[PDB]
Amino acid sequence: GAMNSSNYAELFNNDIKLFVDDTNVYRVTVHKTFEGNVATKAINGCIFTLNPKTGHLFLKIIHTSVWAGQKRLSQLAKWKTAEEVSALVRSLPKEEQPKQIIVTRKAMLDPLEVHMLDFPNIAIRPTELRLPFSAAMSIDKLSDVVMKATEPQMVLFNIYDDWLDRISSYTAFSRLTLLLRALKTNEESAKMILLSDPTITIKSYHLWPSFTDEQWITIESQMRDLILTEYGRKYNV
Amino acid sequence: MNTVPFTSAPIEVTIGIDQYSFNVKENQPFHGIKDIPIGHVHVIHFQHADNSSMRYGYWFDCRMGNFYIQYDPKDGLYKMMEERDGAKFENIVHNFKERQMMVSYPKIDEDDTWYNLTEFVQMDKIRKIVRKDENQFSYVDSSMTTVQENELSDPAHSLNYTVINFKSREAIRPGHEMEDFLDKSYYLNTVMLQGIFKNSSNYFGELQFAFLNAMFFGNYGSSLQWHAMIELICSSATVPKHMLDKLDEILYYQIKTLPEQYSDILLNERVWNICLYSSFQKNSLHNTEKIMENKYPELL
Ligand SMILES: NC(=O)CSCC(=O)Nc1ccc(F)cc1
């Protein structure tokens, strides 16, 4: 069934699984028309499909052309998501296909279930966790490839950089969700934290700065401060 | 007119005949039901006074033979049997009529209820759903499961209803996933109507046959089947105009006939609200929507 705080370590066992997040698939700006009406203009989007054990991120870029001439785009976006995840599974060798796919929003369950009827053994599951993957577009290098795309495109990343050389995937996921939760609550402060010290750089083949173990403890504590704070500034406490 | 005689009534029982019902006391001198309209299927059903558990009964058509009821004290129920000796059967029936030990099928002459509930039900087609080829009549009871319920355990005692599943490869054409799931016309018209039922008469017949099993025996899988068959039509954008008009009439009489006090369990809130207010056919079921709103506005 659903995924929650009680079966949390299942994410790091040896059964291949993928999270799918569709919150950045259909993206728009809203603006006024010359006549003083409101209209939307879509911008490029992305499906965020992540192996939480290995860090492999399958970033499928959703080019605005896929919306041209279409109606009910927010509903289509869920089915376009399910179509692309199905295509990805089919493209993988059998021993690499996931045994479970966990959607971050329950609205994706039926679209994905229907697109995956051919895989009756792949479990499609929801989750009670409030994961912060919507903040993926606050990672500069992911935002850059999405915005520059002129056609549909899949790009592969490791969202954990080289962290698994030093820490476990349980800890790597905890760090990732803490970074992303911070970027979501206050993007400016979050980024200021990550990049303040100009002597810690991001390697060309990485997404995050090359922090030492000790520097990560400092970073992590600063991100928790930010999240409690904003939660005060938000809730006045 | 035809007659279903009873050898006797050794146990206290409520007897149903179509939408009518009457109480028979233990060892009361009851020898059957007369004046049954020829030309319609019929169902004769039973609920023991001592065990309201297990409603059970027999679908039959008088044109297909001389049938009677006889209590079996080993198996503990009223059984339908066929008498092959025609002279023996007229002789028995005539003697019981002369002594006036039979109840009369009590049809008001204005009343088309039973016809309206059974328009497309067929006895030969029914024999395929409740498989028992050695008898011309068919037994059903409250506990019998459906083939799809068995997929989700005795197949000889199962209700072989047409299996409808909206998230199945049968329902969904590769490459039309979103289209076919949101507009089920392909599944309704090509898969089900053209290529399995063969025509809408067979489709309405099973839908009619499902409902009656749900109402008269509280058979849960039948209720599931009735609602599924409604939902498939309601969730199709492209339905023949004549089918919509007939469906409205079919459902209207089913809703009219349902016991007011069984609504909580025989009606699925989600399917009905979908069908009457959200679906493609929300504005196509005028009679059904009107009786539903005036009789069960709580469900909506
Ligand atoms: N391929 C087949 O033979 C199944 S075609 C379904 C069908 O004819 N169902 C039906 C069930 C009960 C009725 F009273 C009337 C019709």
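Quick note on labels: first sequence line is chain A, next is B, and so on, each numbered from 1. Values reported hereafter were calculated over all heavy atoms of this structure, with side chains retained and with hydrogens, waters and symmetry mates removed. When a ligand or atom number is given, it counts from 1 through the structure's own listing order.
In this structure a side-chain-to-backbone donor-acceptor pair under 3.5 Å is missing from B:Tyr161 to B:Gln148.
Residue pairs meeting the side chain to side chain donor-acceptor pair (under 3.5 Å) criterion with at least one member in residues 4-16 of chain B, sequence neighbours excluded, are B:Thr7-B:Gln70, B:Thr14-B:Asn23. Counting only residues at least two apart or in different chains, side chain to side chain donor-acceptor pair (under 3.5 Å) contacts with residues 290-300 of chain B comprise B:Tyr277-B:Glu293.
Judged by the 6.0 Å distance and 45° axis criteria, B:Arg55 is not positioned over the aromatic ring of B:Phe216. Seen from the ring of B:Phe181, B:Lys184 counts as a face-on cation partner, given the 6.0 Å and 45° thresholds.
With sequence neighbours excluded, the residues that form a side-chain contact (heavy atoms from CB on, under 4.5 Å) with B:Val103 are B:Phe22, B:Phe30, B:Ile33.
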Which N/O atoms of ligand 1 sit under 3.5 Å from a protein N/O, and at what distances?
from	atom 1	to	atom 2	distance (Å)
ligand 1	8 (O)	B:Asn202	ND2	3.4
ligand 1	9 (N)	B:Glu206	OE1	3.1

